[PDB]
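Residue numbers (PDB author numbering), protein chains in the order written: chain 7, 3 to 34, 60 to 157, 190 to 210; chain Y, 42 to 139; chain L, 366 to 379, 420 to 674, 682 to 732. The beta carbon of each residue, even a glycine, is placed where N, CA and C say it ideally should be. What follows is one structure encoded as structure tokens, with my remarks underneath.
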Amino acid sequence: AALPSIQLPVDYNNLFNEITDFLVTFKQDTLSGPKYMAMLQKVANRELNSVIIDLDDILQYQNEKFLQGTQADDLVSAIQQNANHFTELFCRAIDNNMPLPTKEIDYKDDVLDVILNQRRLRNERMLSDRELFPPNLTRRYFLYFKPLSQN
Amino acid sequence: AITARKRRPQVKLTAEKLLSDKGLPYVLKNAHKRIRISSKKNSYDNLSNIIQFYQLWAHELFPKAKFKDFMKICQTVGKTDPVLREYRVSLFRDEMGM
Amino acid sequence: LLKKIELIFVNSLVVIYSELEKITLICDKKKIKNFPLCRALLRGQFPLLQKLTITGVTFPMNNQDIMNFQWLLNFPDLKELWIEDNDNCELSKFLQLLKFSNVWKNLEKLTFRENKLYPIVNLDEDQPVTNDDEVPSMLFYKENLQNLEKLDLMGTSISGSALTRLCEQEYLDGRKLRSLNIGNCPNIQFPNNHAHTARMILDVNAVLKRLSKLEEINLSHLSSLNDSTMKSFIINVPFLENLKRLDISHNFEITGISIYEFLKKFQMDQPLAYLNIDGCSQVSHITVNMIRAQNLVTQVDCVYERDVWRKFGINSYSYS
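Here you go:
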């Protein structure tokens, strides 16, 4: 069963780069690390199981970038239009960027760590001539889009 | 020219695979290390002490077949390959050269 | 003594060559995960090589000389190039080669077909100057493409403006061009479309004015060719009097209305010789039966059930 195909005003390689740049750059500086990298550090320490993405933050990031003169492709409008796909994109950006824990958590009692460690040992033996998993399995957090505030 | 037509691939135990390092050289490396027989234990335990190594080795070498079927294929291929015969006589030729 | 060699690498398991005349390299893209003749093609020369046909191979990422078609400079006199489903190639790098060398004295035919959608390529008409006190770099698009009879770019992400610029610059010659295939190019929009980015527009009036004597057009899988857009072809019928063979098949949009009025205005030119609309779910069966009955086309194909277009050997050398 064949399908026709069309062009659309979106590019997910570009928007993936926009998302990860946002994720490592933004902070609420008017309130005086990057907000989301700090929150991902809290996820790494397993103290927090939810990542709350603010569309307000994406707006302020867009406004900063537009004030610096670059186009920003209005990621807020894009991820209000097709939010389901962008949960996957934001999780890929997080699963790339997320730092190591600063605090120890008695890691050996985690089954998923043990089972994928055993897999890695076996795969090292295989690769020594003697992705590793589906990403959702290793993704402990849950990701949510918080709406735009009225302004 | 010919666009593809399918066929079914298949795999079985074979003398080359049986002569690879994980084959009989694994036995020569590990059998005397892992099997131990003692007058301190009954016959059933000692027989199990033999069998456990060969069963694990047979599985790790060729996990398709049951242990009894594996033994039958080993006996028949041992009966019917010249390279395996050369290797087997070479073991005792080496012991004769000791 | 070998003049013509073919290799069809169905599966995988783990200096001067003046004699040669035609090299056909075809691969199962699923099984083959490298490029067999890579060292041979970049290092050697094949100076009498008339035709080259490479499909299904995977270009290495580690070698920009491969990816920039630097090896492809090795082969003058190359009467035809066909290159299809070469997964890690790009038409962009190819056009960058075509910009900066008079690589071929003569191509009679070119056929390029990348598989996956790389970003938009526009014709890179930028002629830089090192200084205005120094020469602008001579751009070899004209003398490279001046010879072409057959241009085929199916699936290649070329923008509509890029093709118009190829015609307005007269890099494509027109007086010699006879068959044009631009099917499956998502970056083509026709002038009547209100929804666009301007550099994806194809100005069919300019194009058909330029290269009027062409015989054979292929617009299959060109979903952008809705019924409204076909009106541009209707009014540009006077410029395509040489056209005999028209493939627009596997278009899921095109209603029989546009088909009929196109053939009717074409009849004001004597039927069209041949037309293909296999898989076009919207052409009404009674309309195509009228096309047969009133004899507006000598042959028309309406195998609605034909799911795919790549007939091996005839339409494509991508393997199976």
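Between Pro126 (chain 7) and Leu202 (chain 7), the CB-CB gap reaches or exceeds 9 Å. Contact annotation, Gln450 (chain L) with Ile421 (chain L): C-beta distance approximately 6 Å; criterion of less than 8 Å satisfied. Within the segment 709-728 of chain L, the residues whose Cβ lies closer than 7 Å to some Cβ of chain Y are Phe724, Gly725, listed in chain order. When DSSP states are grouped into helix, strand and coil, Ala106 (chain Y) belongs to the coil group.
Your pair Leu512 (chain L) and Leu544 (chain L) does not check out as a contact, with CB atoms roughly 17 Å apart and the cut at 8 Å. For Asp470 (chain L), the uninterrupted alpha helix (DSSP H) segment begins and ends at 469-472. For the segment 595-612 of chain L, no residue has a beta-carbon sitting nearer than 7 Å to a beta-carbon of chain 7. Assigned with DSSP and collapsed to three states, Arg46 (chain Y) falls in coil, not helix or strand. The Cβ neighbour count for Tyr134 (chain 7), taken over all protein chains shown within 10 Å, is under 16; the residue is labelled exposed.
Out of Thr429 (chain L), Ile428 (chain L), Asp433 (chain L), the CA that lies nearest to the CA of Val375 (chain L) is found in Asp433 (chain L). Secondary-structure assignment with DSSP links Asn586 (chain L) through a beta bridge to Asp557 (chain L), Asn623 (chain L).
With a cutoff of 9 Å on beta-carbon distance, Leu446 (chain L) and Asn479 (chain L) are scored as near each other. Contact of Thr55 (chain Y) with chain L is not assigned, every C-beta pair being separated by 9 Å or more. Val612 (chain L) carries a helical assignment under DSSP once its states are collapsed to helix, strand and coil. Membership of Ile664 (chain L) in the alpha helix (DSSP H) is indicated by the continuous run 661-671. In this structure, the straight-line span from the alpha carbon of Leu645 (chain L) to that of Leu687 (chain L) is close to 15 Å. Counting only the Cα atoms, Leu207 (chain 7) lies some 27 Å from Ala71 (chain 7). Under the three-state reduction of DSSP, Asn195 (chain 7) is assigned to helix. For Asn109 (chain 7), the number of other beta carbons within 10 angstroms of its own is below 16, and it is reported as exposed. Within the same chain, Cβ atoms closer than 7 Å to the Cβ of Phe474 (chain L) are found at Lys498, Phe499, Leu502, the five residues on either side in sequence being excluded. The C-beta distance from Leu577 (chain L) to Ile622 (chain L) rounds to 14 Å, too long to meet the 8 Å contact threshold. Burial of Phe111 (chain Y) is indicated by the presence of at least 16 other C-beta atoms within 10 angstroms of its C-beta. Secondary-structure assignment with DSSP links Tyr686 (chain L) through a beta bridge to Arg650 (chain L), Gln711 (chain L).
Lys547 (chain L) sits in a helix when the DSSP states are folded into three classes.
Annotation: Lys435 (chain L) to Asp81 (chain 7) spans about 42 Å, alpha carbon to alpha carbon. With fewer than 16 other beta carbons inside 10 angstroms of its own, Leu33 (chain 7) counts as exposed. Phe28 (chain 7) sits in coil when the DSSP states are folded into three classes, being neither helix nor strand. Using a Cβ distance threshold of 9 Å, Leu582 (chain L) and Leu553 (chain L) count as a contacting pair. With 16 or more neighbouring CB atoms inside 10 Å of its own CB, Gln89 (chain 7) falls in the buried class.
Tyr203 (chain 7) sits in a strand when the DSSP states are folded into three classes.
Within the model, the alpha-carbon separation for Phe657 (chain L) versus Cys692 (chain L) is close to 5 Å. The DSSP-derived three-state label of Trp487 (chain L) is strand.
Separation of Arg77 (chain Y) and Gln96 (chain Y) (C-alpha to C-alpha, rounded to the nearest whole angstrom) is 15 Å. The Cβ atoms of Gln469 (chain L) and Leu528 (chain L) do not sit closer than 9 Å to each other. For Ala99 (chain 7), the closest alpha carbon among the candidates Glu20 (chain 7), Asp122 (chain 7), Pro193 (chain 7), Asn15 (chain 7) is that of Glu20 (chain 7). Beta-carbon to beta-carbon, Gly565 (chain L) and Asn598 (chain L) are separated by about 10 Å, too far to satisfy the 8 Å threshold.
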